[PDB]
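Encoded as structure tokens, the following chain is the form deposited in one PDB entry, with no partner shown.
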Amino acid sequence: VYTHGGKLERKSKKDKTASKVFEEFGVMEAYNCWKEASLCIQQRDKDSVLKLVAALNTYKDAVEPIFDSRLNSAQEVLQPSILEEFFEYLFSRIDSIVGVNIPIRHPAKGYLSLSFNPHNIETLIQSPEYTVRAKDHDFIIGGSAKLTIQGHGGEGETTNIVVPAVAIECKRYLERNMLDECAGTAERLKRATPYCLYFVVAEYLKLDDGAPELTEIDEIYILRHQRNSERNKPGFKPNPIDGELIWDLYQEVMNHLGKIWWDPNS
């Protein structure tokens, strides 16, 4: 898939302003170097995961100052996909670890609900119209399925859905509005798929004068251990993305993906 790469590739064909900037400041080259260094790491011991994090830090240090200063709102398109593409690298080896061919490992809309909204009494009997609500998540590990409804009139109406085992939101900074929105989604997500792990990953924290809502979210990671308001202050050094957190997150995901979950009895 390559979420971040795909955004760059399309902006470079389509957006004259942004393609100019990409060439002049060497974004494509830096991106290529990040991908090539990331995709060649085969193992997932602690050291390998810390190598992925170093390449991630390097890429962000190279490219985020360009996104921030050289693009307008041409760049609240570019920056957020970096973490998403990162997770695709981190979890690109799960097929051989767990012995199954996992179709979803990228941003996707995970199933929330099925409800029925027939046009009329005829329709309700013959072929009831329905809605699958799904929620876009920054990163999902899951399966895809087909959902078919059939009435008396014999034809099946089918919808493709994604069922997550893991879903991760990825943000630069976590503020009040977003964290509340995440806690509401967690509630829906746990009714729909009780065995889905739900993580909110941010680099910076920005809850100011306010108290975080820790609803049904399994973990919140603040990768740089710093407050958002430090960013505009005089001579500011951003902490790197902490490799120990990503190592912790990796282990928790993998532990979850290898376990049993549900059982008619045991």
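One-based numbering along the sequence shown. Whichever C-alpha set is largest while still superposing within 1.5 Å between the two forms counts as the rigid core.
FYI, the form deposited in another entry isn't displayed, but the following is about it.
Note: rigid core superposed between this form and the one not shown; among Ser127, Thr193, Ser81, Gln75, the CA shift is 2 Å or more only at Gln75. Once the rigid core is used as the reference frame, the Cα position of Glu213 differs between this form and the one not shown by 2 Å or more. Relative to what is shown, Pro212 and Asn232 are farther apart in the other form; their C-alpha atoms differ in spacing by at least 3 Å. Annotation: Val200/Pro212 CA-CA distance longer in the other form than in the displayed model, change of at least 3 Å.
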